[PDB]
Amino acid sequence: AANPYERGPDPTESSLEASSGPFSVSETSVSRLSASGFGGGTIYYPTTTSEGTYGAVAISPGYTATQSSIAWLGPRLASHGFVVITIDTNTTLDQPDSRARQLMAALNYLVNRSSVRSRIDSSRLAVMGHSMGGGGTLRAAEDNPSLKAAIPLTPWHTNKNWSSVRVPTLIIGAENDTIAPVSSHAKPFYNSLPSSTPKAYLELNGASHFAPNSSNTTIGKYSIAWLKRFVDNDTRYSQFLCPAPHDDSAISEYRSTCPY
């Protein structure tokens, strides 16, 4: 009752690892011609409106890719209480800085022109992307500090310095990525992020560059947790992002000199 942005019941690990959240998901689409500043998209959104409006998320594909490579994120995130647009880019060969402009154009369409705008709270927006759309997710985050959250997935970018980003960022890289190797992309990106901005780095064990293109329980769970925590201020989701022993109902307080 205190936080006016909480949606859905108390999270558990099970509900975040499941293939669907608690909300039924409808979808619509904007054509490429209609879409001003990006190559069209599909919009996934919670069918129900009775609990209040929702935050919105734009998601961008990578180099030479279309929405079908990020398609599974749409229903996965939308079912936890989010309006999601998986876009195509103006061309499949757009460099990451282009994709950042298109990520913002997409959120612009969603807020102002789309048929589900009344369902969005336009002050609570987030960006996500894969590969060069992850680099575009970083650039868009630096240039629009009013974003609530950003999630680069196996990101790629020639720029390695992201110290001006004041938006909470969760970087998901892949341990065996041979296309955007974490040692020269995802890990440098995270180290350069400031310590005053909440941030996180999650490396997928054994994963390749194409882990984000298929349904993935880990990417799913931690993205939902990250967006809920920062697009909704939902502190019910801190137990997954900052796990502690006092999360157990039997333990009121725990402190340690961890890590040991």
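Numbering starts at 1 and follows the sequence shown.
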89 to 97 or 119 to 127, whichever carries the higher mean Cα B-factor: 89 to 97
Of 63 to 71 and 225 to 233, the stretch whose C-alpha atoms average the higher B-factor in the entry: 63 to 71
Residue selected from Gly55, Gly220, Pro46, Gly206 by maximal Cα B factor: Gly206
Chain thirds of CA B-factor: placement of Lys148: lowest
Modelled-residue ranking by C-alpha temperature factor, third containing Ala250: highest
B-factor third for the C-alpha atom of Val165 within its chain: middle
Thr42 - which third its CA temperature factor falls in, relative to the rest of the chain: middle
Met132 - which third its CA temperature factor falls in, relative to the rest of the chain: lowest
